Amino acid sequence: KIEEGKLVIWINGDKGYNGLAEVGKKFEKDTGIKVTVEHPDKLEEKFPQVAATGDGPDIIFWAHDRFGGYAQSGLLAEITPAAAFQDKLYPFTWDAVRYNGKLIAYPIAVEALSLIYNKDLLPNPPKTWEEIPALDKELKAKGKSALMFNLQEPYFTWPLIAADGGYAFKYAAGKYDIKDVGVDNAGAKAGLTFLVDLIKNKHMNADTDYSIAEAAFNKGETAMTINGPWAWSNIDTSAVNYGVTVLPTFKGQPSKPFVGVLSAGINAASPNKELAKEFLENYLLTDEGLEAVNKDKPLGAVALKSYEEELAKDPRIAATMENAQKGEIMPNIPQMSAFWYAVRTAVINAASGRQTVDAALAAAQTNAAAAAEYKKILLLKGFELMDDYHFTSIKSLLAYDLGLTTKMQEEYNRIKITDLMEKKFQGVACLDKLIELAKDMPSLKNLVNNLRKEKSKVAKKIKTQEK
């Protein structure tokens, strides 16, 4: 499926993919091996879909938080660099790409969000979130606004949720406790409430996304944005005299961004693993290779010691690391996918008014901790106890809810439907839905009765967890 004798690379559309293609051109000139760089939409979801069957790119780039899930799924080749190469990168960046004792990617660069501000509109940026409402009032009187940033991805709101105490998974005695989630504690609620209050008081708009915020800052319409180093080169080309600085404090506490390590993994199905390693170690992870990417879109604080010694003198990188040091490196555990999905739903629902802050975060807390368990019940006590005839009928009844074509209704197995069903009906909702759909099927009445019992069992187990 994957073509032998060339390299296909996937990297996100906000990174320096034209600079990476230039590294690939040098590789081709030395070796004759052509290197194609692509930036597919929804890359972090598309890779595990195609790689599951042995398709996809030779090399996948993403922040390290997704890579434990990919490795658990067997989608990644183990990385075994010689000690001489391993010593060229900072040890903590190798930690970010180690999963169950195995290196599963090459670390490239350390990313953290900073406060970016327009020095002509705002010579002295605010030290606190709490000052921003008054600043917005003052700027609105000049036809401007104080702050716009992407409110569709929870990555950008996390620094504020985490500031007063919110967390993802508790790190306890050397490992993450996948049952101890910190998204509905008092600190998380306080931060999300402040965000929702900014929207209620017309200092931000719930529909603001990456493109809208970037355009508004780079056109000089808003005084501040929150973004990572990849954003700097577009501001450079704009007319904005900008600075990069520490994020504002909340309730006197630093904002705590999730720190990501841009990482490159090798597809377990690649027939080009030797070439992919040669490209990543000896073409990309060099001063000249990282510079080629960095001049396109800045990487942040790179993992390669020799080149970071040059970048560290840049005040923008100093600000990036100051923010990174106030935050936490993301876990790479497989549960991160469910965490991000739950938190994305909570922030969007709270910002839009669809849910209160308390209700939105309570659901995200339960579902980040318990989605896997509800899915196990749905699969093993629901779908695997019904025959193919009834499974086909249930897929037909779910066709509108899950968007299933006739071919999808034909090809999708019980594991896939379980995944899709819980994405649509999060947590306990997926059990309720199957119970509702199978209430009236005569041959499934026994199956349905036990699902009610299973639903009750986990409800008890969920409470014993919280107290």
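From 1 onward, residues are counted along the sequence shown.
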Average Cα temperature factor in the PDB entry - higher stretch of 407 to 415, 24 to 32:
407 to 415
When mean C-alpha B-factors in the record are compared for 291 to 299 and 117 to 125, the larger belongs to 117 to 125
Which is it among 193, 152, 241, 234: the one with the largest CA B-factor in the entry?
241
From 63, 52, 37, 60, the top C-alpha temperature factor is at 52
Would you mind checking where the Cα B-factor of residue 160 ranks among the modelled residues of its chain, as the lowest, middle or highest third?
lowest
Could you look up the Cα B-factor of residue 340 in the entry and say which third of the chain it sits in: lowest, middle or highest?
lowest
Compared with the other modelled residues in the chain, in which third is the CA B-factor of residue 450?
highest
Quick check for you: using the entry's CA B-factors within this chain, is residue 310 in the lowest, middle or highest third?
highest
Among the modelled residues of its chain, the C-alpha B-factor of residue 18 falls in the third labelled middle
